[PDB]
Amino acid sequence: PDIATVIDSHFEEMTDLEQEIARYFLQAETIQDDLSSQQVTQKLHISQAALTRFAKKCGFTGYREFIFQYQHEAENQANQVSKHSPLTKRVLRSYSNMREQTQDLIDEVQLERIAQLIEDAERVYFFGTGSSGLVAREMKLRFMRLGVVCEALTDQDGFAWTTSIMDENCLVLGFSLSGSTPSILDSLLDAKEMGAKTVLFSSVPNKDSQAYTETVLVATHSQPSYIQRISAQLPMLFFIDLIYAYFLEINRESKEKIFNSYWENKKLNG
């Protein structure tokens, strides 16, 4: 929490003097002042105990700890190259809000189970379109390095052909940020009718979306207008890296040897 908001939240519970002491600290210039208790007491014409009491009601041990957070945020605000604009802050907000929204939707028992489904499957398949298609290509690169036999598909023709060759040892991961993409939903259903296990990634909850073996609910974008939203890959990439971390710990010793052999052949071929 920004200290400007921390004083704001701890406002209506403060005494009249401290409510005025806050008003000085909410001022923008205040950071450039001498902020020692001796100076602040003379400038605001108060006692040093008043500063301690004001900091205590803000949730601090005393004025020394309060002024440290106040100065620490400013030094962290001044450690940047440029001072950021509302546009710069809005884009960073969408990343952090998605991180916190994803964090609220984390289903640990589901994620390991899906990671287990990848391990047990002989062949793993990735269906996506647009940005979701690029997400599918990312997981294909990441997991093939660990020894998973996998392929990625990105068009309707690719989905239909791959489904026709699936069996009970196949697994398909479907990506649909909107949750209503026609090619993703049908082909995943077509995969199920061939015995393949199916997992769907979406940001919308759907009652009939219980058809697939697993259904991972991902975060929704912070911006309301579509044109202003951040990268559409991010809602799934959070869960991509989670399932990857869980999947890596299953037979970690053997999987690392597969990774290092993959990395050796690539790096040494200069």
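Don't overthink the numbering: it's just position in the shown sequence, from 1.
Remark: stretch with higher mean C-alpha B factor among 130-138 and 69-77 is 69-77. For the segment pair 243-251 and 258-266, the entry gives 258-266 the higher mean B-factor, averaged over Cα atoms.
By the numbers in the PDB entry, the CA B factor is greatest at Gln103 among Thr198, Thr88, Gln103, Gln110. The entry assigns its greatest Cα B factor, within the set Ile46, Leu26, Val216, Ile227, to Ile46.
In this PDB entry, the Cα temperature factor of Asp190 sits in the middle third of its chain's modelled residues. Ranked by C-alpha B-factor against the other modelled residues of its chain, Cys170 falls in the middle third.
For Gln116, the recorded CA B-factor ranks within the lowest third of the chain. Only modelled residues enter the ranking.
Among the modelled residues of the chain, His84 sits in the middle third by CA temperature factor in this PDB entry.
In this PDB entry, the Cα temperature factor of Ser203 sits in the top third of its chain's modelled residues, the highest group.
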